[PDB]
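Trainee: before I ask anything, here's the sequence and the deposited coordinates:
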Amino acid sequence: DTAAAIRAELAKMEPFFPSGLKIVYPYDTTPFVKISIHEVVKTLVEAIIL
Amino acid sequence: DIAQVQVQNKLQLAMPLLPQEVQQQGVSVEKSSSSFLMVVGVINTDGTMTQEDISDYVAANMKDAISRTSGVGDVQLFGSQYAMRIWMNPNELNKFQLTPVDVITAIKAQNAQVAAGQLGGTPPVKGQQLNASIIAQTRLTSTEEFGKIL
Amino acid sequence: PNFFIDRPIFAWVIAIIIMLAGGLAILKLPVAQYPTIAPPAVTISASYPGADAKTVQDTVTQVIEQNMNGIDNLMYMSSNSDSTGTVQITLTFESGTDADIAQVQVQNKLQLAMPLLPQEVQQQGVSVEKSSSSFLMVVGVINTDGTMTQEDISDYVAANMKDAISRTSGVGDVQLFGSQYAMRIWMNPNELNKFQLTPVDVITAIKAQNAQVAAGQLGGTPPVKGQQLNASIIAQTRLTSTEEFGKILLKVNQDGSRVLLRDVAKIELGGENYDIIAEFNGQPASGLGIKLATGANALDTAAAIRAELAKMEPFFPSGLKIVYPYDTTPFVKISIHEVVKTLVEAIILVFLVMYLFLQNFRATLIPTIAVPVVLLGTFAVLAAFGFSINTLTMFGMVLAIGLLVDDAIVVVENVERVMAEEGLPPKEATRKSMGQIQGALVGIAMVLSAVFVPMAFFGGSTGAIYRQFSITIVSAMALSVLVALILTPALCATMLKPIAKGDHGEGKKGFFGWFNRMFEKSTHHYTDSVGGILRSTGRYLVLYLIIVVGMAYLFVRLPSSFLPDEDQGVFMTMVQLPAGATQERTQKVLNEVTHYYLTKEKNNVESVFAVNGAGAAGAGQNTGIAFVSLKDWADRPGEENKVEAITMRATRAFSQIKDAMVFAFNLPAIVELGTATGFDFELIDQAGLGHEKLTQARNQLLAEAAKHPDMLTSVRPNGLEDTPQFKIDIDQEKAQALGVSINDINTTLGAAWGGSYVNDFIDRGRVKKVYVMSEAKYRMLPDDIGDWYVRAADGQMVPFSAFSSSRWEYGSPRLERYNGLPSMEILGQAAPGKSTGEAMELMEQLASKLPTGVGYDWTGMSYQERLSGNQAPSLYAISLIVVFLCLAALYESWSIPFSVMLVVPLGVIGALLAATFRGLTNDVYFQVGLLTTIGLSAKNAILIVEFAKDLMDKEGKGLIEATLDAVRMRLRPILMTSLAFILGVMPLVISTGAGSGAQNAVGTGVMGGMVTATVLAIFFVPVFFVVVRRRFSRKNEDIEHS
Amino acid sequence: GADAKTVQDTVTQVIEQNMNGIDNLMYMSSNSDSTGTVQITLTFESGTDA
Amino acid sequence: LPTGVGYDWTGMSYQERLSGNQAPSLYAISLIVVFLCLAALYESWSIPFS
Ligand SMILES: CCCCCCCCCCCCO[C@@H]1O[C@H](CO)[C@@H](O[C@H]2O[C@H](CO)[C@@H](O)[C@@H](O)[C@H]2O)[C@H](O)[C@H]1O
């Protein structure tokens, strides 16, 4: 949630950035929690199929 | 929240016993994680700017708002904000028989905001008919005026 | 359930228990006008004496905006930087945040920013406060003999009254309106110059001869052996008289003469600040703003306060009387009076219908006993969930009466019917019938809470308002069904008199009952007709479809509101003069208005409170406000004696026949909220741009919305436009040359024109301030600059005309910020037929038209709502799904739930009809009303279809016959209730006097809905059941006899 | 160094004046010292959140 | 004592003043709780009086 809010703020700042200003994302504990818990959900449903 | 309250309430009792340099450079009390949740990157692709230009765009356009994001404990700057940098020459200073202290005092004097007053100020005189703001000594703005500092 | 029919004492005991806890809750329960509705806001306020807008924006404001981070649950941060030297930072938080925690976090981050502040600001005190704008009452304090000036009075407040009122029980906050006494030293520049002295020396003097000093002690520790005395050293003491301040030395002259302060400057006890000058019916006054304690009872806080003032009455100085310019309390006294009045009347009407319909006295005593119990209990259930007796919760009960009343009636009736039909003894009739309506009763509770709880989960201020009604009503309802299953059956089975089989009393009596045949005949007429319509149904299906499309049309073409505006015994008129105007001019206007209300409204206006210096627009000499109090409502009978009409003739009065802008208006009801069809735009300077560029973008947008009057309407900025300001360019070179310290130039200039808080002194036992400033006559006009001289290094005086060049420029008097950044506020509302949303979309489109570095944003009201409207469809989809699921349980049908759900429009067409022909608007009271109405139609249809199904299944009767019999036996109760309801509500629909806006809002929609819904349902429901029932199954069939 | 009567109507009663609308306050008592310390105790309704 | 000299209890004596002023109320309710209860379990309306 904290992270989703921050992505909202950065997005609200995007159009007023100087010429050439891109944001990069070198490190975030977020994508692992997301894809990991999603694989566990994949598994429950798969398991119901079996 | 409460722990933070009890802690900062002891910190303010310690504050007067602190240095003025320490005091005004700012002390912070935070309920934070010891690990970064995330690291946000800022670059320029078309490389029309050095790291400082960037460091300042970050510190001057983004970092205040990100640290006001609800739920964000600490934000660390990989870089720094812009500052008025006065880099003294020991030789060219000694030549004129002046010391760093005089640089300090000078800047303190020719650069400031000043409580002025008001034309038609309150409490006025009978029938009086003009009210306006006195604009006095204002902070310096550009770099060059720091050269015209006498 | 059946259980109590054989245990009437146990029932009585639970009843008593509910009554006692409820009565206990009634005794120790809070009262307020409204609950907490607005999101939490905490403001940091600070003042920088003499400084200008840009100064306070650039010495404090930005320093604080930068130091306020990592504070929990922040929504938005908005601030004013005033050229009156005050800076205010609003931090508005997410709704439901711990108010107190937020305020604590804000004030501790500020306590960290404090060392980075100016020394003057730091020492004047920065304050952190919670921001409800809702004072319980505003007490005026005056003098009759023109004995004392307003500074005198203000001080009298601060030194004699303010403390005891804050000792009054139930008073959680006392705010002071005015300024305290100060030691005011008004320098004379001429007699200052005569003696070659500058304000600087005045400063240094006053700081020096007036001070407390760390002394010490005789017999101090560790003393010497045998030592014999311990006592206190009393040293240099602060001054006490004004006179002692006259005797302070500024210089010794060579010829032995001394130069005292008394000489260069007039010295007197006078106001800490003179911006705001207040007059009460012309006579001078000061004021006290009392806020209700947290969770406290309003009526007793007010009563206690008036009593406290009376206990102080004989101790007031000559001519000092206390007045009450603003008081929420009688609005609440009278509204409470009206709600209970309605409840008892309603009870009376249910007795009157119950007699003039069942005419058996002990029958009529049953529902009479029922509801009191239920009310009481709901008060306890509410108390348990931490509410108070306030407007919203009470009109929630007023709405609940319908459901309570119906439930009681349903039971008593059905029992009576079972007797007059079958010849059962009272009790056996009771088990037959409780056992007849039971499932319908639990189901109706499930469906009623199924529509009423989803609206509890609305978010934001809108969500709070809904939450009140939702809980009050569901609790009243759930208790009414428990009571309908435990006590009512007990009361039925026990105290009810037995009826002869096939009685109907179809005559027997001469005086009172010549009606029973008339009703009997007609109830058969009715069912005759119903079968008749069940013959050809199609035509009637058409009628329905028509009714619905029409209902939609009525729904769309009806106006949305938030709440009905209320004459509250009080209104106000605001006054705005041309930029840079004078205290004395604004004051002149305000005296004129004051008189207008005291003239052309000799009979309506009780008292007028003119405040010069503080307004709507902001602070400054340039603005005024008028607080206008109105006579008690009994003395204002007519249509012309009401606030709408008054504010009309006053705005009409001060528009055409004035030289400056004067609006007159009435406050909203929940006094901190928004203008239903309006919005609050924030135009934000996003790039490293300029104030000049931002304002130009603002003009640009004002123009582009000027081009769209079919969508947006009267779109306007909410700030102060630029004023001409006086620039003093100091030549650093010349001043350093002629031998003058720039500091001496600055601080003499300051202490001359802006003033300086120097030291503190102790009057009568209370520490106050010491201000040194020019005299009036030497600091008004720009030329006066010349009268002030700066002493040089050597010992010589220097005119400002020697090193200071001067001019005029433009500048801004009010510098606004949004989220740390430079911003500009833009208020507005939508076109007459157009929706606030459309107007907002167009506004985003226009603001998108702006130059680069210009972003846009929403704040306040527009924030809370842009979140909240996303939810009505979702919550109501939840509701349909849940209710259908419930009815799907109750029968054992996935389809029969449609024969009752199909009934919902029947009631709406009455509400929408009734609002439009009455000229009302689609607001809360109307919406809660619509739901309430849906609630009765759903109840009745659920009972009808239950009965129908029951004869079909557990009696093997046919279809058309079964529904026939059904609607037959359940005609009478329907009609009984609806008679009761329409009669109790009717007062709400036809009422003026206090609070009648809300009362009409409830009453109308409801009444219209009741009428069309029952007088439609008795015909449309049977077709619903029948037509639906005929989409199942394989023959099977249509039917009968097994 | 200040005296009792000094610290009491400069510090004690000044601070005692804002102690209204405090939830669950039972009683408030305060001391004023010429040894230089000034102290105000707030005793609260039993079961109040400390 | 002379007019304007009032009196009070605090701390131990306060709390004691409390238990004293609460004893009758306690006996009213607790007696009444039981009357209500026996009238319930024992369907008799009379068993409570005796
Ligand atoms: C609570 C107060 C109620 C106030 C209502 C005021 C009056 C208006 C509503 C009454 C509507 C009923 O009007 C009803 O029409 C149907 C058929 O369409 C009639 O039925 C009649 O026509 C159909 C065919 O055309 C046949 O079945 C025929 O045998 C005959 O009964 C009913 O005999 C009549 O009673």
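Mentor: Here it is on my side, so go on. Numbering: from 1, shown residues only, chains lettered A, B, ... in the order given.

Trainee: isn't residue A:27 right next to residue B:35, touching?
Mentor: No - with contacts counted by Cβ atoms under 8 Å, residue A:27 stays clear of residue B:35, the gap being 10.8 Å. Placement of C-beta: from N, CA and C, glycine included.

Trainee: could you check which of these two is surrounded by more residues?
Mentor: residue A:27 (11 against 6; other Cβ atoms under 10 Å in any protein chain shown).

Trainee: secondary structure element holding the more buried one?
Mentor: If you go by DSSP states H and E, residue A:27 is part of strand A:21-28.

Trainee: need the residues of chain A near chain C, please.
Mentor: Proximity of chain A to chain C (Cβ under 8 Å from any Cβ of the partner chain) is limited to residues A:15-16.

Trainee: just the helices in chain A please.
Mentor: With DSSP state H applied, chain A shows helices at A:2-13, A:30-49, listed in chain order.

Trainee: how far away from the center of its chain is the shortest one?
Mentor: The chain centroid and the centroid of helix A:2-13 are separated by 11 Å, computed with Cα atoms, centre = their mean, to the nearest Å.

Trainee: output that helix as CSV, nothing but the C-alphas.
Mentor: Extracted in CSV, the C-alpha atoms of helix A:2-13 (Å, rounded to 0.1, in the frame of the first residue of the first chain):
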residue,chain,number,x,y,z
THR,A,2,2.8,2.5,0.9
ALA,A,3,4.4,1.6,-2.4
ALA,A,4,1.1,1.9,-4.4
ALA,A,5,0.7,5.4,-3.0
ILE,A,6,4.3,6.4,-3.9
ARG,A,7,3.7,5.2,-7.5
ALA,A,8,0.7,7.5,-7.4
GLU,A,9,2.8,10.5,-6.4
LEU,A,10,5.6,9.9,-8.9
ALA,A,11,2.9,9.5,-11.6
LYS,A,12,1.4,12.8,-10.5
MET,A,13,4.9,14.4,-11.0
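
Trainee: show me what that helix is packed against.
Mentor: strand B:38-44, helix B:63-67 (3 or more Cβ pairs under 8 Å, 6 or more residues apart in numbering or on different chains; DSSP states H and E).

Trainee: isn't residue A:25 right up against residue A:31?
Mentor: No - with contact defined as Cβ under 8 Å, residue A:25 does not count as touching residue A:31 (9.1 Å).

Trainee: residues in contact with stretch A:26-45?
Mentor: Among residues not part of stretch A:26-45, those counted as contacts by Cβ atoms under 8 Å, 6 or more residues apart in numbering or on different chains are A:3, B:36-39, B:41.

Trainee: list the contacts of the closest residue to chain B within chain A.
Mentor: Closest residue of chain A to chain B, Cβ to the nearest Cβ: residue A:24 (3.3 Å). Taking Cβ under 8 Å, 6+ apart as the criterion, residue A:24 is in contact with B:41-43.

Trainee: now with 7 Å?
Mentor: B:41, B:43 (Cβ atoms under 7 Å, 6 or more residues apart in numbering or on different chains).

Trainee: and if you look at residue A:48?
Mentor: Per Cβ under 7 Å, 6+ apart, neighbours of residue A:48: none.

Trainee: okay, the residue nearest to residue A:19 when sequence neighbours are not counted and chain E: tell me how far apart.
Mentor: Of all residues not flanking residue A:19 in the chain, residue B:48 sits nearest, at 6.5 Å (Cβ to Cβ, 6 or more residues apart in numbering or on different chains). From residue B:48 across to chain E, the span is 75 Å (Cβ to the nearest Cβ, to the nearest Å).

Trainee: dihedrals phi and psi, residue B:48?
Mentor: In terms of degrees, to the nearest 10, the main-chain angles of residue B:48 are phi -90, psi 30.

Trainee: any idea how far residue A:30 is from the ligand?
Mentor: To the ligand, residue A:30 is 64 Å away according to Cβ to the nearest ligand atom, to the nearest Å.

Trainee: actually residue A:12, not the one I typed
Mentor: In this structure, residue A:12 and the ligand are 59 Å apart, going by Cβ to the nearest ligand atom.

Trainee: then residue A:6?
Mentor: Remark: distance between residue A:6 and the ligand (Cβ to the nearest ligand atom) = 62 Å.

Trainee: also residue A:45?
Mentor: 55 Å.

Trainee: kindly report the same for residue A:50.
Mentor: For residue A:50 relative to the ligand (Cβ to the nearest ligand atom), the value is 61 Å.

Trainee: swap in residue A:26?
Mentor: 75 Å.

Trainee: what residue is smack in the middle of chain A?
Mentor: With distances taken as Cα atoms, centre = their mean, residue A:31 lies nearest the centre of chain A, 5.3 Å away.

Trainee: what's stretch A:3-11 in contact with?
Mentor: Stretch A:3-11 is contacted from outside by A:23, A:30, B:37-38, B:65-66, B:69-72, using Cβ under 7 Å, 6+ apart.

Trainee: taking chain A, what residue is nearest to chain C?
Mentor: For chain A and chain C, the shortest gap (Cβ to the nearest Cβ) falls at residue A:16, measuring 4.2 Å.
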